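The next block holds one structure in the form of structure tokens; read it before the comments.
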Protein chains: 4
Amino acid sequence: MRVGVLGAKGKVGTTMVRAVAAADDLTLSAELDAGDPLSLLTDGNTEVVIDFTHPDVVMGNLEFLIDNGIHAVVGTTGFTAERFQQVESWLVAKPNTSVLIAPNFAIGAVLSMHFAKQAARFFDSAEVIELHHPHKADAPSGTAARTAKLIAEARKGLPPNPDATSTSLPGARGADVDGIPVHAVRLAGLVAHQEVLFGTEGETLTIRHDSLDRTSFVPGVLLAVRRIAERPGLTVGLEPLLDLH
Amino acid sequence: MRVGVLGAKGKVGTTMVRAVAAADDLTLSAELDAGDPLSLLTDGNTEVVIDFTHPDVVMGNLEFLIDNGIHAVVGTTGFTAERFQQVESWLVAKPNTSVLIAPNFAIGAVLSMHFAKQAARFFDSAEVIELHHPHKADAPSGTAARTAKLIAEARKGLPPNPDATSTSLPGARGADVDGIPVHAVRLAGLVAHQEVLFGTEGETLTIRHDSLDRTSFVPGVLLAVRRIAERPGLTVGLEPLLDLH
Amino acid sequence: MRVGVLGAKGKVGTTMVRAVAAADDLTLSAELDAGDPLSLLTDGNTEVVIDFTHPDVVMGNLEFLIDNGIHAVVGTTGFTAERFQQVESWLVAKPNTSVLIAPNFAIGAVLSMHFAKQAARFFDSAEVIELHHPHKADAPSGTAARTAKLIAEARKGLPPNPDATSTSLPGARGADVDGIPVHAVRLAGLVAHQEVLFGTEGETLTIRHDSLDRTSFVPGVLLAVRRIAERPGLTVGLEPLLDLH
Amino acid sequence: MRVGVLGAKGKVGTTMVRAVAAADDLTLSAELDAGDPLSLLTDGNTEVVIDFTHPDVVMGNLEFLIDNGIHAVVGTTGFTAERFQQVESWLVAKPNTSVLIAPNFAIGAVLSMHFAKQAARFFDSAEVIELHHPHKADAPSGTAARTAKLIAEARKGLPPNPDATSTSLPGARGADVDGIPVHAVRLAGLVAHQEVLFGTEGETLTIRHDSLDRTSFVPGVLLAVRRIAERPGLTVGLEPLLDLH
Ligand SMILES: NC(=O)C1=CN([C@@H]2O[C@H](COP(=O)(O)OP(=O)(O)OC[C@H]3O[C@@H](n4cnc5c(N)ncnc54)[C@H](OP(=O)(O)O)[C@@H]3O)[C@@H](O)[C@H]2O)C=CC1
Ligand SMILES: NC(=O)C1=CN([C@@H]2O[C@H](COP(=O)(O)OP(=O)(O)OC[C@H]3O[C@@H](n4cnc5c(N)ncnc54)[C@H](OP(=O)(O)O)[C@@H]3O)[C@@H](O)[C@H]2O)C=CC1
Ligand SMILES: NC(=O)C1=CN([C@@H]2O[C@H](COP(=O)(O)OP(=O)(O)OC[C@H]3O[C@@H](n4cnc5c(N)ncnc54)[C@H](OP(=O)(O)O)[C@@H]3O)[C@@H](O)[C@H]2O)C=CC1
Ligand SMILES: NC(=O)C1=CN([C@@H]2O[C@H](COP(=O)(O)OP(=O)(O)OC[C@H]3O[C@@H](n4cnc5c(N)ncnc54)[C@H](OP(=O)(O)O)[C@@H]3O)[C@@H](O)[C@H]2O)C=CC1
Ligand SMILES: O=C(O)c1cccc(C(=O)O)n1
Ligand SMILES: O=C(O)c1cccc(C(=O)O)n1
Ligand SMILES: O=C(O)c1cccc(C(=O)O)n1
Ligand SMILES: O=C(O)c1cccc(C(=O)O)n1
């Protein structure tokens with residue numbers, strides 16, 4: 001399988017390149033970076049590409065890939081409904097091509113979102129604390145925003161979190177994601193971490209995921225790369241790829 | 001509903017007494033303590049009793065209760081297979097009577113065991129850290145031992161945790177519960193806490209439950225008390241009464 | 001020693017009342033609550049009063065106390081420079097009277113602020129996460145704000161925390177306290193908790209304090225109550241009371 | 001300054017080699033590995049060597065280095081009193097040569113031991129939890145054992161930790177290091193982590209250090225390498241080179 005990496009120079013990209021180069025069943029056909037022509041992909045006859053670039057260019061590359069029938073495993077965050085809809089209104093005019101987008105390829109993270117959904121109804125309060133390296137451009141993380149959305153969707157009928165906050169400094173209570181407060185920590189020495197807190201009478205439940213190394217995203221990426229053709233079109237998250245694993 | 005409390009003087013017992021006394025749909029019929037005759041129960045026409053005593057007496061009281069057809073919601077730990085088996089038969093001679101035993105009545109704890117079971121297969125390493133007040137007689141906690149057992153049972157076909165420990169101080173690697181290391185911390189200022197750690201390539205997953213107050217066990221207890229008659233015989237755990245599997 | 005409690009009905013107040021009532025060397029002379037005349041204090045010939053009321057009334061009571069020469073151990077938060085200055089411009093016109101104000105009476109908390117000050121210079125990043133019960137009116141906590149101030153004051157010559165945040169949801173990065181981000185979590189089941197995070201190349205340092213029970217403030221309060229007369233005027237924090245202990 | 005690395009192939013060694021190679025003021029004179037002759041050091045005219053090998057060989061290399069007057073910054077754990085004593089004399093016959101041994105070069109770790117010493121007296125209970133990668137040969141970690149020793153030494157006059165443990169599974173309460181329980185966790189995905197827990201009435205204090213990356217040891221190592229000649233003889237720890245006492 002010929003595989004090319006979009007953003008091969010990035011923190012995550014360089015890792016994926018190393019991973020694909022080590023995969024005995026995969027062939028690194030392309031190593032695109034900022035500026036390099038998207039034609040380099042069609043040159044190496046790439047069939048699947050791993051995208052770990054920037055939200056300002058994803059939509060751009062996604063058009064090219066979907067055109068030449070090249071499959072795509074995208075990790076680049078900042079995917080909005082309109083964008084998904086964009087990607088949607090494209091695959092239709094060129095099926096047989098598969099595209100997978102996931103806010104997090106770490107298995108522990110996917111499991112965290114899974115458990116968060118299940119525990120939400122049993123508690124009065126729910127908050128999300130996300131912590132990342134000081135090089136992250138977006139706050140809060142895509143995963144945090146998605147986790148908050150999942151929680152808020154599971155507590156549909158229930159009342160909102162209890163909060164007697166009368167006086168407060170601007171921003172002290174974090175960002176509001178569908179009624180669920182989300183706090184973003186940018187600290188040196190960190191990579192990718194998340195904490196989901198549920199609280200009730202005399203007890204709390206904490207589901208924490210820690211990505212100590214960027215290699216933690218490899219397994220999920222390669223898994224999606226190999227079984228990419230299994231599902232045509234868009235997928236979103238890698239939950240379907242292992243809900244039975 | 002007439003409800004009596006066994007061990008009404010204990011740390012947990014005094015809380016249950018207060019809870020039952022506040023329950024508008026429940027009547028505190030008995031407040032037994034160490035020494036007090038089990039006949040006080042039959043005196044107040046008790047139909048259900050909450051047991052939070054000591055493992056050295058549970059079996060004793062359980063016989064009396066099961067005889068007079070009184071239902072029992074037991075929280076007292078130290079329940080072994082033989083003990084469970086014993087109680088099993090005890091009721092077979094007196095059906096129509098219900099008995100529920102649970103290692104933990106905190107919902108977060110029950111959920112922790114639920115999630116632990118589901119995540120076990122996805123990781124290479126698994127360990128349990130349990131932390132309690134310095135007044136606990138047993139180490140590790142009943143919940144910890146049960147959680148470790150659940151994890152070990154979910155990883156049936158998989159190899160054991162990787163460990164290159166060559167030299168070590170006695171007891172440094174905690175207790176072995178079916179191949180899963182369990183560490184017991186006894187610290188002042190704590191109540192009931194547990195941490196389940198799963199580890200793999202570049203990432204870890206932590207599921208932590210915190211019982212900051214003993215009132216956290218009330219909801220689970222009262223829930224079992226009210227729906228006690230729903231399931232005749234012996235029931236181990238709170239899961240059956242919960243939506244989860 | 002005759003001791004009266006201001007706000008004897010509050011979550012913390014009721015605890016202090018119980019504590020003073022148990023102190024064999026202390027006499028509970030007053031149990032004021034909302035509405036009750038401040039004259040009840042002068043009635044029982046109170047010499048020291050524990051204040052755990054509300055920031056909207058502290059200044060009021062503080063005037064009365066300082067007038068009748070009654071000593072005061074205040075725990076009520078929301079103490080600003082002007083207010084301190086107010087309390088300052090009063091004791092002068094009536095010395096021989098002592099007043100102690102502390103943002104936190106938990107020893108672990110005081111120690112946390114102590115360590116935070118010492119570690120600040122050794123790290124690139126520093127952030128504060130504070131977590132409290134959903135009944136707290138102010139965000140962030142007084143202790144959190146004070147800890148952030150201490151940290152920012154210790155890193156005087158050093159550059160600010162590195163942060164590449166380009167796009168962000170309003171409030172995601174918490175409140176800014178002298179360049180130190182502070183996050184406030186309001187969750188059910190919690191009491192008083194704080195986490196100080198320091199980060200640098202490949203490592204982080206976390207100093208966490210947990211007030212699982214309101215009784216944790218008793219030792220510090222009573223300590224200040226007994227040795228109150230030792231220092232005339234205002235003090236601020238109970239660091240001087242044990243920097244040598 | 002000519003610097004050679006002992007164990008240049010190890011997890012930590014390869015990092016130090018990369019670090020020294022990047023240091024504009026340092027020259028990588030040697031890259032010894034298992035088997036390679038210690039004479040390679042005398043070949044490149046090495047003046048200082050970084051040792052990150054194995055406790056079974058340290059004593060061996062230390063003799064050679066101290067003989068040829070080569071300075072040594074040793075990170076290899078497993079240093080016992082007898083071993084320290086031995087090295088002591090080894091240098092007495094060859095002064096003018098400096099040797100520094102430290103159980104941890106991460107600044108956060110050194111600070112942790114510093115704070116642990118200061119907080120010990122203020123609490124009833126104290127326990128240490130250490131967590132490392134599943135490739136560590138010794139349990140508990142050298143740092144954990146040292147931290148436990150420091151704590152036990154600071155609580156000289158005070159009574160031991162309160163523990164009502166009557167029944168227990170073998171090893172559940174961790175290893176005993178001078179009366180301080182130490183728990184060792186070996187999990188995949190981890191690197192080097194430690195947690196010091198202090199407990200008292202209604203509150204706990206946690207001092208946690210996290211080495212997410214092995215690069216975290218570089219700063220401390222290079223600092224000791226450059227200022228090595230400053231202190232003739234043997235030096236244990238990094239504290240001397242630091243502002244702290
Ligand atoms: N879903 C997941 O599991 C994960 C997602 N991510 C997300 O992936 C993205 C990047 O990760 P990270 O490595 O930290 O990011 P980087 O800051 O390292 O940026 C990655 C690479 O993309 C580049 N690049 C930019 N534009 C193009 C382009 N048009 N064509 C090809 N290359 C381009 C960069 O070049 P230059 O910088 O010179 O412009 C850089 O080399 C973020 O959105 C991040 O949140 C990260 C980890 C995991
Ligand atoms: N399943 C769960 O969710 C939970 C289970 N537990 C378990 O429940 C038990 C209680 O712990 P905790 O309440 O903190 O401990 P305590 O010892 O504080 O409470 C125990 C009470 O039982 C007593 N008692 C002893 N024997 C009898 C008897 N035969 N008849 C009635 N009273 C008796 C005691 O008296 P005296 O002390 O004078 O002997 C004491 O009042 C433990 O086994 C604990 O592990 C605890 C919390 C939760
Ligand atoms: N420094 C420290 O270690 C700690 C400080 N605090 C601080 O102390 C304050 C309160 O603690 P908490 O118990 O949670 O608060 P509560 O919400 O329980 O309020 C406390 C009591 O003060 C009352 N009170 C109000 N005004 C007066 C008045 N003028 N005269 C006397 N009584 C009055 C209340 O009555 P009503 O509600 O009916 O008006 C209530 O009974 C807060 O500022 C909190 O942040 C808390 C813990 C520790
Ligand atoms: N003080 C501190 O801050 C730190 C201390 N340490 C300690 O340092 C040591 C290193 O751990 P780590 O690097 O992860 O382990 P590794 O085993 O990955 O690194 C050890 C290296 O030393 C080797 N080597 C063995 N004997 C010799 C020898 N006689 N001459 C030179 N090379 C030799 C190895 O070869 P081979 O494997 O083939 O035998 C291996 O390359 C441990 O004792 C660890 O506890 C670790 C981190 C920090
Ligand atoms: O959901 C996210 O935005 C996310 C998840 C993991 C890592 C990163 C990152 O390194 O930027 N971002
Ligand atoms: O599973 C247990 O043994 C357990 C759970 C909660 C509290 C206690 C306790 O207070 O002893 N013990
Ligand atoms: O610094 C604070 O504001 C503080 C500290 C401890 C407890 C509380 C509280 O219970 O409101 N508030
Ligand atoms: O004190 C120790 O033994 C220690 C400290 C950091 C890392 C390691 C290690 O990687 O073995 N060991």
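A, B, ... follow the sequence lines: proteins, then strands. Residue 1 opens every chain.
Interatomic distance, CG of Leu197(A) versus CG of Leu131(C), reported as 6.5 Å (0.5 Å rounding). Distance check: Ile129(C) CD1 to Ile129(A) CD1 gives 4.5 Å after rounding to the nearest 0.5 Å.
The two residues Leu169(A) and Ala175(C) have their closest heavy-atom pair at CB-CB, 3.9 Å.
Side chain of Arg173(C) to backbone of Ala139(A): no donor-acceptor contact under 3.5 angstrom is found. Proximity of a side-chain donor or acceptor of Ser125(C) to a complementary backbone N or O of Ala188(A) within less than 3.5 Å is detected. A donor-acceptor pair under 3.5 Å links the side-chain atoms of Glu127(A) to the main chain of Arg186(C), judged by distance alone.
Contacts of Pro170(A) with chain C are made by backbone atoms alone, with heavy-atom separations under 4.5 Å and no side-chain atom involved. Residue contact with chain A, scored on non-hydrogen atoms closer than 4.5 Å, involves the backbone of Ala126(C) exclusively. At a 4.5 Å heavy-atom cutoff, the contact between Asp124(A) and chain C is made by side-chain atoms alone. Neither the backbone nor the side chain of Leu212(A) comes within contact range of chain C; no heavy atoms are under 4.5 Å apart. Contact of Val182(A) with chain C is made through the backbone alone, with heavy-atom distances under 4.5 Å. Looking at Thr165(A), the atoms closer than 4.5 Å to chain C (heavy atoms on both sides) sit in the backbone and in the side chain alike. Contacts of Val177(C) with chain A are made by side-chain atoms alone, with heavy-atom separations under 4.5 Å and no backbone atom involved. With a threshold of 4.5 angstrom between heavy atoms, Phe198(C) approaches chain A through N, CA, C or O but not through any side-chain atom.
Heavy-atom neighbours of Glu201(A) CD from other residues, nucleotides or ligands within 6.0 Å: at or below the threshold of 12.
Put simply, of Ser168(A), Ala145(A), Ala172(A), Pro55(A), the one with the most heavy-atom pairs under 4.5 Å next to chain C is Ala172(A). Note on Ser166(A), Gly78(A), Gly189(A), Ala184(A): by heavy-atom pairs under 4.5 Å with chain C, the leading option is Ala184(A). With chain C as partner, the option from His132(A), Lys136(A), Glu130(A), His133(A) having the largest number of non-hydrogen pairs under 4.5 angstrom is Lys136(A). Among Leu190(A), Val185(A), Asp163(A), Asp176(A), the residue with the largest count of heavy-atom pairs under 4.5 Å with chain C is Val185(A).
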